[PDB]
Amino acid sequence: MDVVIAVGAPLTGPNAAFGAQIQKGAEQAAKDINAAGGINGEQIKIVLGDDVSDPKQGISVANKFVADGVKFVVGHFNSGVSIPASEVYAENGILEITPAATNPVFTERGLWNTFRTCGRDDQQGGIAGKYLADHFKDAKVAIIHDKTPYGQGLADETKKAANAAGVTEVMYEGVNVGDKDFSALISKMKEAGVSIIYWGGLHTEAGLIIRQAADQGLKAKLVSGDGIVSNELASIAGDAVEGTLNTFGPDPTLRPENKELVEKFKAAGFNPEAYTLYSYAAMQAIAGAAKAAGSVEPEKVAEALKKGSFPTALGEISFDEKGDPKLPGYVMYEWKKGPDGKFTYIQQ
């Protein structure tokens, strides 16, 4: 029978661009693997589930995956969705490999079924906090987060690392996802002499903060993490995006081995940026581990993932006992004008 693999992701809503990275990456991998002969002689059947970045909707999606005979999930994007969804999967024999959910809790619960192809926020915050101390030693820093498990989680890891390294923030504030007016917060930051805004959250609110800070004359550079890696940020923020910094893992579109794959996506009209190839690689990991296990049973595939290493678009992937990948760490990117005159993120 076909191996039923789900993409669980924000296919609509503010994070639709990330949903597309994940969906396109997983779909292309399934297509490529299928043409190569599938997984253990069976074809992958993709099903889609739109979580709209909402934990409750994510649970509905997860339960429907179960009913639909899903065996593997690539997803979700948001940590706050992936954490509760993974419980449904764990209790119903479904292996979940996230290409993008970074909060440590996801793999720190002893669950048999939880894996990632991305890093985690204690790593990411460690890098960010040290970066702040190294490059903005004397800056007045505001740590702002979006009150979600991911956003506040990353802000807290960065705070911990920054504080240890000798940077003590002057402000720590939460905002709500969906807020459109940051004038009060920006004025408070102006009064506090803030010159660095560290943002624990995603690109929609980050872009609005960047735009509004510039309009209000708050001369502060925004520094964030993986949650802002969509070219949409440049549209939302406008030209004020220039100079923004953020952490992200290796940019797999730059790996020479991926040249043809990247060109294939672009020829089909999709820019396979950021998490696209992390999702592609998640699918490759499932296929590689299933072959090694001589089984498509999710529990056996999980065991094989932890014992082996597998070629992917991210390089050779292997996993620790918790399901976290053994891959290169976070580095800092800066938003600059590219050849096309469009702003995008480039490693420093």
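Just count from 1 along the sequence shown to find any residue number. Take the two forms, superpose them, and find the largest set of C-alpha atoms that agree within 1.5 Å; that set is the rigid core.
Requested in this report: Between 331-339 and 11-19, report the one with more C-alpha displacement in 4 other deposited structures of this protein relative to this form after a rigid core superposition.
Outcome: Most displaced of the pair in 4 other deposited structures of this protein: 331-339.
Report task. May I ask you to compare 22-30 and 313-321 by their mean CA B factor in the entry and name the higher one? Result -> That would be 313-321.
**Report entry** 253-261 versus 267-275 - greater average Cα B-factor per the deposited record
**Finding:** Mean CA B-factor is higher for 253-261.
Query raised in the report: Looking at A101, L218, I228, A142, which has the highest CA B-factor as recorded?
Result: Comparing C-alpha B-factors across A101, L218, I228, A142, the top value belongs to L218.
Requested in this report: For the C-alpha B-factor as written in the entry, point me to the maximum among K147, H135, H203, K71.
Outcome: Of the candidates given, the C-alpha B-factor peaks at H135.
Query raised in the report: C-alpha B factor of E96, ranked within the chain: lowest, middle or highest third?
Result: As the PDB entry reports it, the C-alpha B-factor of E96 lands in the lowest third of its chain.
Report task. Would you mind checking where the Cα B-factor of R116 ranks among the modelled residues of its chain, as the lowest, middle or highest third? Result -> Ranked within chain, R116 CA B lands in the lowest tercile.
Requested in this report: Comparing against every modelled residue in the chain, figure out the third that the C-alpha B-factor of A17 lands in (lowest, middle or highest).
Outcome: Answer is lowest: the recorded C-alpha B-factor places it there.
Query raised in the report: Taking the C-alpha B-factors as the PDB entry records them, is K130 in the lowest, middle or highest third of its chain?
Result: For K130, the deposited C-alpha B-factor lands in the highest third.
Report task. For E157, return the chain-relative third of its C-alpha B-factor as stated in the PDB record: lowest, middle or highest. Result -> According to the entry, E157 has a C-alpha B-factor in the chain's lowest third.
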